[PDB]
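Participant:
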Amino acid sequence: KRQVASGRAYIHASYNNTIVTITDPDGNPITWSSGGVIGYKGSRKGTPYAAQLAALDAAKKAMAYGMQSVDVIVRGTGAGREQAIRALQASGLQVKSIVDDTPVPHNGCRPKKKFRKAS
Amino acid sequence: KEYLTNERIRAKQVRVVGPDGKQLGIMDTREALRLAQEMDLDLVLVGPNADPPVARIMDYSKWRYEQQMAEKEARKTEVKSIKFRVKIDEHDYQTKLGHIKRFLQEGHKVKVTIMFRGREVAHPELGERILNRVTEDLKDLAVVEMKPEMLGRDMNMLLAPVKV
Amino acid sequence: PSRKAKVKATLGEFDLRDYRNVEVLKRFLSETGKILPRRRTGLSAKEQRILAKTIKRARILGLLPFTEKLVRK
Amino acid sequence: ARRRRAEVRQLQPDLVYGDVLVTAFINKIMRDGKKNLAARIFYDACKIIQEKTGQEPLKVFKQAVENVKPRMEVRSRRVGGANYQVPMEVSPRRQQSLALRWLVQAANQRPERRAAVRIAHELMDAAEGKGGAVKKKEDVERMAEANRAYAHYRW
RNA sequence: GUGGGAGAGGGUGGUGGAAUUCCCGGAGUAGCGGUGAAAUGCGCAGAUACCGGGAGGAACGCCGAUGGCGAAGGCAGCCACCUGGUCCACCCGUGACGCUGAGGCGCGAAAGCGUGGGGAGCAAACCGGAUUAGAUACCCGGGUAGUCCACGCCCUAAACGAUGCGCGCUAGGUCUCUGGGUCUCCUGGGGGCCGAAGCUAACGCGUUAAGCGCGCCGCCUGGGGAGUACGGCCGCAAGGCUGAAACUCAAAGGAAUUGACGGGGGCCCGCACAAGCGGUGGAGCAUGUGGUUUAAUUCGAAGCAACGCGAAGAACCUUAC
RNA sequence: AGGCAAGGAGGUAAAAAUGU
RNA sequence: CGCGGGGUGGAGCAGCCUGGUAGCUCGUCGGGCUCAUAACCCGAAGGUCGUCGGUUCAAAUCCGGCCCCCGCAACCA
Ligand SMILES: [Mg+2]
Ligand SMILES: [Mg+2]
Ligand SMILES: [Mg+2]
Ligand SMILES: [Mg+2]
Ligand SMILES: [Mg+2]
Ligand SMILES: [Mg+2]
Ligand SMILES: [Mg+2]
Ligand SMILES: [Mg+2]
Ligand SMILES: [Mg+2]
Ligand SMILES: [Mg+2]
Ligand SMILES: [Mg+2]
Ligand SMILES: [Mg+2]
Ligand SMILES: [Mg+2]
Ligand SMILES: [Mg+2]
Ligand SMILES: [Mg+2]
Ligand SMILES: [Mg+2]
Ligand SMILES: [Mg+2]
Ligand SMILES: [Mg+2]
Ligand SMILES: [Mg+2]
Numbered sequence: 011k012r013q014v015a016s017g018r019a020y021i022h023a024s025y026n027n028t029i030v031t032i033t034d035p036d037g038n039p040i041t042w043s044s045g046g047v048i049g050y051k052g053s054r055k056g057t058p059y060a061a062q063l064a065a066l067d068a069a070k071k072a073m074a075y076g077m078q079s080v081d082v083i084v085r086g087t088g089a090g091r092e093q094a095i096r097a098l099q100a101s102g103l104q105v106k107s108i109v110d111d112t113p114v115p116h117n118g119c120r121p122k123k124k125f126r127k128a129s
Numbered sequence: 003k004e005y006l007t008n009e010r011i012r013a014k015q016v017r018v019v020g021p022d023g024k025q026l027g028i029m030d031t032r033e034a035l036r037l038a039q040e041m042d043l044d045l046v047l048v049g050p051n052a053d054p055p056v057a058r059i060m061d062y063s064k065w066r067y068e069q070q071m072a073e074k075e076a077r078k083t084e085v086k087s088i089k090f091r092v093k094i095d096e097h098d099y100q101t102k103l104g105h106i107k108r109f110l111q112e113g114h115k116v117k118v119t120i121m122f123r124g125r126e127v128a129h130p131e132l133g134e135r136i137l138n139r140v141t142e143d144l145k146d147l148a149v150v151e152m153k154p155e156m157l158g159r160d161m162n163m164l165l166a167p168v169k170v
Numbered sequence: 016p017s018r019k020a021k022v023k024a025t026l027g028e029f030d031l032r033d034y035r036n037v038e039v040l041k042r043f044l045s046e047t048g049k050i051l052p053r054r055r056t057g058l059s060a061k062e063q064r065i066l067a068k069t070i071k072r073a074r075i076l077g078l079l080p081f082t083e084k085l086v087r088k
Numbered sequence: 002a003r004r005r006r007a008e009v010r011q012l013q014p015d016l017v018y019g020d021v022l023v024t025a026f027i028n029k030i031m032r033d034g035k036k037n038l039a040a041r042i043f044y045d046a047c048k049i050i051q052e053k054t055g056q057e058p059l060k061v062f063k064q065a066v067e068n069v070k071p072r073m074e075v076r077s078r079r080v081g082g083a084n085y086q087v088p089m090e091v092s093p094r095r096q097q098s099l100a101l102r103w104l105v106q107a108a109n110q111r112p113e114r115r116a117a118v119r120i121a122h123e124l125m126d127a128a129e130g131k132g133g134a135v136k137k138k139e140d141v142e143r144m145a146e147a148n149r150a151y152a153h154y155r156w
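Going down the list, the protein sequences come from chains K, X, R and G.
Under PDB author numbering, think of the first position of the first sequence as 11, with each following residue one higher.
Numbered according to PDB author numbering, the second sequence spans residues 3 to 78, 83 to 170.
Under PDB author numbering, think of the first position of the third sequence as 16, with each following residue one higher.
Under PDB author numbering, think of the first position of the fourth sequence as 2, with each following residue one higher.
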């Protein structure tokens, strides 16, 4: 509808779901895909295969904007981050690089007891 | 829970009861199906093993959904106990009262117990003084089904919501 | 089990405390904007600590990176 | 079962052709240890096949088997209280066995009259790409593919 | 004293990015969140994810250690300032000025409270959702106090090395940090680990002693009762410090050992499950039992290892009722 | 290409009250 | 006396409301599990919807009486 051919892909990976955002080289996201995008509601939503599927969908969507020249930024630790990456690699898209932008606090505010109990 | 929808019927000639409840008779299966298609809502066989196959012409899926919703609503309604002691802390009492009120608002019963030991002197009296006071406090929310009855080692009340 | 190089030894004699000498401290960070450990650097403990301090100072200025995102991984 | 990979039995192949697969199929068909009944049944089926689709039923049988052969199916592993249909591979011989079993099942699910006949029909259906056994196989595959989600829970 | 060192030692004044959250701006669409599964939850007023900027408040990733420091509580971004303690070399000055410490005075985490401020995250209570027999819990969603500051209090703690401080002595080896040296090895002061003698109830300790001593102070003299009561003192309170007895029990205890045990670990095994085939449970009947009747339904057998079992032969017999 | 190791993942280690 | 609302297998609750369509939990029975009990799972039994009756093709359902339950207005109490 407005096109680009070049840009990025933020793989946000949680345990509960892995979402792939596909943006331009600026930071204007055009094309995103989630677990609930591929039907998978619940546990599977965040499982590797689901993540992969989401990634594939995102790639396909991007291709509907001529998009080849995509950089890939892996944000966060999740089960599907590697699988998503693999999917992207497979896809048929011009993957620039597999950069890793994990959002790790430089000792930030006290996390929830759960993700904590880390001490 | 679950009936034969429009074309799931080979039950020959059907009791054409709409979602309205109106009889169109003993139509063919096919005729009935056609009608359903035209009317948009499915000929669902609520009694295939009957005097004509009871062809209730509502959307089956929609009907199911409705039923589900109703069921869900039914759950959300329940008994909530507030167990005092004979000796009362006033702040605590207040808090309990508030909780009871909240429960009643929500739609939920408040069975208001006390905890008695032995020492059954002014124990029952104390219980009465407590529970009755509590009732007085929140008459707007609940009125008492069960008065402060002796349970030997408890004093039970049941505050039941004013309107349903 | 780790035997490839020593950032101390691959390097010649210099001033650790010199933080503006920023090209040379870049060796003591990883590929990420992170300090290399005692075990990868192989400086004296004291020396190591001094280096770390210098790195921190540099970062605070703006000369060295505070963090990176790991590439191509 | 614990120690060794437990050896798979080599049979006398068919005395009418020279095929172990055929023998296996006959055995599967055979309930109660009534082989020289089920062998007869098998040959009747073969004859029926010949009468209809006029190829040497052995080849036809093979084709049918190939058609039913599943490659990924579902086991069941409980994980966190939830039971999962774990989609994994099926090993060659095992897969073949499964296919054979399915064929037999289909033959005995069929509403047609006699022993040979049903089997023959089933085989023909399998060859075609339709019938009961094939359908079952397809369903199994789907179950793998509907639950490809859990894959990583490999054994 | 002089010279030199290390250090998250303490305080005061600043600052630096990551992160989170919150808002503005975009770009964009059907969910995100969450979990063992889910559900509440938020979202079309357009979230979640992504970029840009701002507002903050807390906390300091990597270094990082098994490390350093303090007397202990404790202490981590970095910088500056104020400053404590300490170690070493020289052996230079001083000459016994020392060690301890009832009481005293001071410190003292966390929580707590008082007053004022702030408040992003987290988060008791609390409101929800699940979970469950129940759920006032573990799990999830929110959420106030409180975490943060200033000022005041409070003073407890597994305030632990569960080891009071000082000095002398009595094998080494090892790794470490730190200081001097004539520096592949010496010599100081820390921090660990392994061990000579010795000790110890063993465990273990073992030059950083729990060994040999000497100095001194604290405390113990069975467990509960009980850190309770009573009094006293302190405290805004919460409480704390000081601290019994009556009665009661003939144990409470520690350390090991042998087992047994564990929803501890590892290595193993069995038709133990899986894979496969065929059954029982459903039907009738055959029995044996349980139970109930009866004049008696003889007695025995009890989860596997009782139940088509003693019975390998009950019409009378057998047979015991 | 294989050899391991050290690290970082992430998955899995569900639940399940009692006793003469 | 008024008015309101209610009445469902043994107990608590949905349905009425939308004329055809009786669920849910607790208990009762039987079985399984277990060493044994609880819990757990499985079945089984069990409701004509107060009633007279009407409807209507057909009512738990729509209508009323009567019976009640419930609160309040109410004198002797
Ligand atoms: Mg000096
Ligand atoms: Mg917006
Ligand atoms: Mg120290
Ligand atoms: Mg001198
Ligand atoms: Mg002193
Ligand atoms: Mg003193
Ligand atoms: Mg206040
Ligand atoms: Mg929270
Ligand atoms: Mg709940
Ligand atoms: Mg709750
Ligand atoms: Mg919470
Ligand atoms: Mg405060
Ligand atoms: Mg002590
Ligand atoms: Mg030493
Ligand atoms: Mg030792
Ligand atoms: Mg001793
Ligand atoms: Mg105390
Ligand atoms: Mg012991
Ligand atoms: Mg089996």
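Idealized CB from N, CA, C, for every residue including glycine.
One question on the structure: do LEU51(R) and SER45(R) come within less than 8 Å of each other, judged by their Cβ atoms?
Facilitator: The count along the third sequence starts at 1 and reaches residue 51(R) at position 36. The count along the third sequence starts at 1 and reaches residue 45(R) at position 30. Cβ distance < 8 Å, so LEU51(R) and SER45(R) count as in contact.
Participant: What span of residues does the beta strand (DSSP E) with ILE32(K) cover, start to end?
Facilitator: Position 22 of the first sequence holds residue 32(K). Where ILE32(K) is concerned, the enclosing beta strand (DSSP E) stretches over 28-33.
Participant: By the criterion of Cβ-Cβ separation under 8 Å, what are the contact partners of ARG149(G) in chain K?
Facilitator: In the fourth sequence, the residue the question calls residue 149(G) occupies position 148. What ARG149(G) touches in chain K: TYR59.
Participant: Considering only residues of the same chain and omitting the five flanking positions on each side of residue 82(X), which have a CB-CB separation below 7 Å?
Facilitator: In the model shown, chain X runs from 78 to 83 with nothing in between, leaving residue 82(X) without coordinates.
Participant: Sorted by chain position, which residues of the same chain lie with C-beta nearer than 8 Å to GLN64(G)'s C-beta, five sequence neighbours on each side aside?
Facilitator: Numbered from its first residue, the fourth sequence carries residue 64(G) at position 63. The answer, listed in chain order, is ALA127 and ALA128.
Participant: How is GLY55(G) classed by DSSP in three states: helix, strand or coil?
Facilitator: In the fourth sequence, residue 55(G) corresponds to position 54, counting from 1. In this structure, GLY55(G) counts as coil in the three-state DSSP scheme.
Participant: Please classify residue 5(R): does DSSP put it in a helix, a strand, or coil?
Facilitator: Past the edges of chain R, shown from 16 to 88, lies residue 5(R), and the structure says nothing about it.
Participant: Quick check on the DSSP output: the alpha helix (DSSP H) that includes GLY17(K) runs from which residue to which?
Facilitator: Walking along the first sequence from the start, residue 17(K) turns up at place 7. Where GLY17(K) is concerned, there is no enclosing alpha helix (DSSP H), although the beta strand (DSSP E) it sits in stretches over 16-23.
Participant: So with CB distances below 8 Å, who are the chain G contacts of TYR50(K)?
Facilitator: The sequence position of residue 50(K) within the first sequence is 40, counting from 1. The answer, in chain order, is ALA150.
Participant: Just by C-beta distance, which residues in the region 105-116 of chain K are closer than 7 Å to chain R?
Facilitator: The residues in question are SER107, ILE108, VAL109, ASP110 and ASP111.
Participant: Which residues mark the beginning and the end of the beta strand (DSSP E) in which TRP42(K) is found?
Facilitator: Stepping through the first sequence from its first residue, residue 42(K) is reached at position 32. Residues 39-43.
Participant: Can you find a CB in chain G that lies within less than 8 Å of the CB of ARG54(K)?
Facilitator: Taking the first residue of the first sequence as 1, we reach residue 54(K) at position 44. With 8 Å as the cut-off, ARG54(K) counts as an interface residue toward chain G.
Participant: Pick out whichever of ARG119(G), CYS47(G) and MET73(G) has its Cα sitting closest to the Cα of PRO93(G).
Facilitator: Reading the fourth sequence from its first residue, position 92 is the one you call residue 93(G). Looking at the Cα atoms, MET73(G) is the closest of the given residues.
Participant: In chain K, what lies closer than 9 Å to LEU78(R) by C-beta?
Facilitator: Here residue 78(R) corresponds to residue number 63 of the third sequence, with the count starting at 1. Correct list: empty, because the minimum Cβ distance to chain K is about 18 Å.
Participant: So, under 8 Å CB-CB, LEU103(X) and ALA148(X) are touching, yes? Tell me the CB distance rounded to an integer number of Å.
Facilitator: Position 97 of the second sequence, counted from the first residue, corresponds to residue 103(X). Position 142 of the second sequence, counted from the first residue, corresponds to residue 148(X). Their Cβ separation, rounded to whole angstroms, is 11 Å, which puts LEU103(X) and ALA148(X) out of contact at 8 Å.
Participant: How about the region 82-98 of chain K and the region 60-74 of chain K: do they share at least three Cβ pairs that are nearer than 8 Å?
Facilitator: The region 82-98 of chain K, when compared against the region 60-74 of chain K, does touch it at the 8 Å Cβ threshold.
Participant: Excluding the 5 residues flanking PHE43(G) on each side, which residues of the same chain have their C-beta closer than 8 Å to its C-beta?
Facilitator: Translated into the one-based positions of the fourth sequence, residue 43(G) becomes position 42. For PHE43(G), where only same-chain residues beyond five positions count, the Cβ hits under 8 Å are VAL23, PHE26, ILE27, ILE30, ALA117 and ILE120.
Participant: Quick one: is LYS88(R) near chain K, going by C-beta distance under 8 Å?
Facilitator: Locating residue 88(R) in the third sequence gives position 73, counting from the first residue. Chain K, which has a Cβ nearer than 8 Å to the Cβ of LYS88(R), makes this yes.
Participant: Helix, strand or coil for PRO71(G)? Go by DSSP, reduced to three states.
Facilitator: Here residue 71(G) refers to the residue found at position 70 when the fourth sequence is read from its first residue. Here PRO71(G) sits in coil by DSSP.
Participant: Using three-state DSSP, classify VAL127(X) as helix, strand or coil.
Facilitator: By 1-based counting over the second sequence, the position of residue 127(X) is 121. Coil at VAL127(X), not helix or strand.
Participant: Using the C-alpha atoms, what's the distance from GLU68(X) back to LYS74(X)?
Facilitator: What you label residue 74(X) is simply residue 72 of the second sequence in a count that begins at 1. What you label residue 68(X) is simply residue 66 of the second sequence in a count that begins at 1. So the two alpha carbons sit approximately 10 Å from each other.
Participant: Start and end of the alpha helix (DSSP H) containing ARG32(X)?
Facilitator: Position 30 of the second sequence, counted from the first residue, corresponds to residue 32(X). Segment 31-41, the alpha helix (DSSP H) holding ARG32(X).
Participant: Please list the partners that residue 90(R) has in chain K, where partner means a Cβ-to-Cβ separation under 9 Å.
Facilitator: Here chain R has residues from 16 to 88 only, and residue 90(R) is not among them.
Participant: In terms of residue numbering, what span does the alpha helix (DSSP H) encompassing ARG77(X) cover?
Facilitator: What you label residue 77(X) is simply residue 75 of the second sequence in a count that begins at 1. Taken as a continuous stretch (DSSP letters only), the alpha helix (DSSP H) holding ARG77(X) covers 62-77.
Participant: Using a Cβ-Cβ cut-off of less than 9 Å, give me the residues of the region 120-135 of chain G that come near chain K, in sequence order.
Facilitator: Flagged: no residues at all.
Participant: With a threshold of 8 Å, are at least 3 pairs of Cβ atoms found where one atom belongs to the region 5-12 of chain X and the other to the region 45-62 of chain X?
Facilitator: The region 5-12 of chain X, when compared against the region 45-62 of chain X, does touch it at the 8 Å Cβ threshold.
Participant: If I'm right that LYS131(G) touches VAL69(G) with Cβ under 8 Å, what's the distance once you round it to whole angstroms?
Facilitator: Within the fourth sequence, numbered from 1, the residue matching residue 131(G) stands at position 130. Within the fourth sequence, numbered from 1, the residue matching residue 69(G) stands at position 68. Wrong, their Cβ atoms sit about 11 Å apart, outside the cutoff.
Participant: Measuring straight from C-alpha to C-alpha, what distance separates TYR62(X) and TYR5(X)?
Facilitator: Translated into positions along the second sequence, residue 62(X) becomes position 60. Translated into positions along the second sequence, residue 5(X) becomes position 3. The straight-line gap from Cα to Cα measures roughly 8 Å.
Participant: For chain K, find out if any of its Cβ atoms is closer than 8 Å to the Cβ of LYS84(R); answer yes or no.
Facilitator: The residue given as residue 84(R) occupies position 69 in the third sequence. Chain K, which has a Cβ nearer than 8 Å to the Cβ of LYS84(R), makes this yes.
Participant: With H, G and I counted as helix, E and B as strand and the rest as coil, what does DSSP make of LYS107(X)?
Facilitator: Residue 107(X) sits at position 101 when you count from the first residue of the second sequence. Helix, per DSSP.
Participant: So, helix, strand or coil for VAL18(X), using DSSP?
Facilitator: Along the second sequence, read from residue 1 onward, the residue named residue 18(X) stands at position 16. Strand.
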